[PDB]
Structures are given as C-alpha cells and as structure tokens.
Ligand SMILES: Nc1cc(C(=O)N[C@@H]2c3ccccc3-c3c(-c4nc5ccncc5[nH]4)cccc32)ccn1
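In structure tokens, the next block holds one chain alone, the form solved without this ligand.
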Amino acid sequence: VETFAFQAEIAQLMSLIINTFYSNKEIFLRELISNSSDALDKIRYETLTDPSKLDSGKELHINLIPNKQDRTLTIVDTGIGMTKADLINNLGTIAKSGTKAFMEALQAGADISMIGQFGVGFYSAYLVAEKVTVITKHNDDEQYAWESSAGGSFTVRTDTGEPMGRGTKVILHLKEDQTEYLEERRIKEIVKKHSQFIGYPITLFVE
C-alpha cells in the first residue's frame, strides 16, 4: 500500500469540485460513462491489428451497479484498463494541463458541467462520492486498486480481490445525502438524458 500526494493542481481541482456550491451533480454519471466509452475505444483500436488483445475478454460493455447495502454505485467497463503508472499519472489523463484549461474556461463563463471537455471528467465523481475506489486491470500489468477520499492524497496497491480480466471499475462510495443515485428510476433517467447515444451496451443492474 503506497500513499501518494496529488499534484497541487489536481488537489485544487478536487477541492473546487468538493467545495463549490453546484446543484447539477448528476453529470458525474455522464462523465464516467464517457470515460468508459473512451477506454473501450482504445482496446478496440488495439485489437484491430492484434486480435489477441481481446484474449482477456471480447465483450466490450459498461455495467452500472447500485448497492444500497454498501451505499455504492459502481461503473464497470471492459476497456483497456490502466497500468500502475497510469493510475499514478492521474488515472491515465493529463490532468495538470487539463485542470489549467478548465480553470481558465471557468473564468471565461464556463461551468462545472463542462469538465469533460478538459479531460478531467473523472474527478466529477467527487460531486457525489466521499471516497472513490478504482480497480483496474490492463493487459500489460497486474490488477491494482487506487483509492482516495480527497484531502490531497491517494493510495495504490495490488488488488487481491475478484480478478476482472481486463478493464476498470469505478466504485463510488456515496455521500450520505446522495443516495438518490442508487435508485433505478433515477439512474435510468440520467442515462437516457445524457448517455443515450453511447456506442456500447450500458446495463443497469437491479437489486
């Protein structure tokens, strides 16, 4: 279990998302589903020239799993996954520059819902989650677990849990007042509203 400090800029981004009064929290799902779609495109592209890339799972999909008992909403995809280096490097993003662009945009009249245009949509998860746990498996590495409750630090460790073949699992440990996102009708409404055209099957699990 290794503990790392977020780069100053990412810490800033997270505190902004956590402290700014902003009612349109539901966009977090759109952002995470969009990220999953991007990850699926990546593994698909690689398989175009190397079919064995899919040996770890040919199905390219996205699952939305609510769990009222654990108060978690999990977004699972069978995309390219992330290596340990990717996790450390801001979950495979260029978050430092992306954050700068996002800040400048906000200054120019943009709002938080536009976060995905700057490649840092993952962090919108903190609009509804007190802690985010990311389990991932990339073809070229072992299975790892990234985790953070913000506060300037994140941890990374090899995951000894359920082997996932290939992909990423974003486990949102919801804030006490954000349990509406565990309700079937609410999730379904949000998916139809913002992710109706996603090119991969989205399956909303029931309890």
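Numbering starts at 1 and runs along the sequence shown.
This protein has a second form, the form solved in complex with this ligand, left out of what is shown; the following refers to that one.
Trainee: So the ligand isn't in this model. With this ligand brought over in the entry with it bound through superposition of the site C-alphas, is the pocket blocked (at least 3 atoms within 2.4 Å of backbone or C-beta) or open?
Mentor: Blocked pocket: the modelled ligand, placed by site superposition, has 3 or more atoms clashing at the 2.4 Å cut-off.
Trainee: Judged by heavy atoms and a 4.5 Å cut-off, are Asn35, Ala39 and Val120 together in contact with this ligand in the entry with it bound?
Mentor: Spot residues vs this ligand: full contact, yes.
Trainee: Since only the chain is shown here, I'm wondering whether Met82 would be in contact with this ligand in the entry with it bound (any heavy atom pair within 4.5 Å).
Mentor: Because a heavy atom of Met82 falls inside 4.5 Å of this ligand in the entry with it bound, the answer is yes.
Trainee: May I ask you to state whether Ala95 is within 4.5 Å of this ligand in the entry with it bound, using heavy atom distances?
Mentor: Yes.
Trainee: Decide whether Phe154 counts as a contact residue for this ligand in the entry with it bound under a heavy atom distance cut-off of 4.5 Å.
Mentor: Within the cut-off, so yes.
Trainee: Does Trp146 reach this ligand in the entry with it bound if we count a contact as any heavy atom within 4.5 Å?
Mentor: Looking in the entry with it bound, residue contacts with this ligand include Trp146, since a heavy atom lies within 4.5 Å.
Trainee: Going through 168-191, which residues have a heavy atom within 4.5 Å of this ligand in the entry with it bound? Please give them in sequence order.
Mentor: Just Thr168.
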